[PDB]
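Below is one structure, written out as structure tokens; the observations come after it.
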RNA sequence: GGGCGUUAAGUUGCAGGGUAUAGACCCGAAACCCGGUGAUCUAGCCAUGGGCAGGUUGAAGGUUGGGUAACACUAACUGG
Ligand SMILES: [Mg+2]
Ligand SMILES: [Mg+2]
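Residue numbers (the UniProt record's numbering): 2 to 89.
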């Protein structure tokens, strides 16, 4: 999965600090990063269905976090998806 | 005894009757063989040139939008 240096880095970018490791914004950024990396993986390994079910979980899971955030603080939500360049 | 012979003059011209070989009384095939002449018609090919008013249909491809985690997909447009 994501590297410990690349994980720690995002938590810095989207968290209240280094240890704000479970905030919604952070969780959704980390999922985003791993989804986009894996875009590369399945480009070459289309037949890796098992791994894909794991990717699909990261997606459905990010979707639930984004909805919760939207419900609880739409302003925090808009920033977060624009910043992550999502929704189109 | 029997067969063929012995006891009939022939031959050379000339005219004629027939026959033979020859086109052989005249005309007439379809064809077979040999050597030439023809692709200015037409068949196919080769080189080099020319021609197809006007009106339709609107493939692939491309752009944008929506869409998808990403592809799929989908609309309009463009394209010809
Ligand atoms: Mg492992
Ligand atoms: Mg005599």
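Where is the CB? At the ideal position from N, CA and C, for every residue including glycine.
Reference residue 32, options 61, 6, 89 and 69, closest by Cα: 61
Endpoints, the alpha helix (DSSP H) within which residue 22 is located: Here residue 22 belongs to no alpha helix (DSSP H), and DSSP marks it neither H nor E.
Own chain partners of residue 19 with C-beta closer than 8 Å, once the 5 adjacent residues on each side are dropped: 9, 12 and 13
Residue environment, residue 67, which counts as buried when at least 16 other CB atoms sit within 10 Å: buried
Nearest neighbour of residue 6, chosen from 47, 88 and 34 [CA to CA]: 34
Endpoints, alpha helix (DSSP H) assigned at residue 53: 50-73
Cβ-Cβ separation, residue 78 to residue 87 (assumed contact under 8 Å), whole Å: That pair is no contact at about 10 Å.
Residue 22 to residue 47 span [Cα, whole Å]: 32 Å
Member of 38, 73 and 24 whose CA lies at the smallest distance from the CA of residue 4: 38
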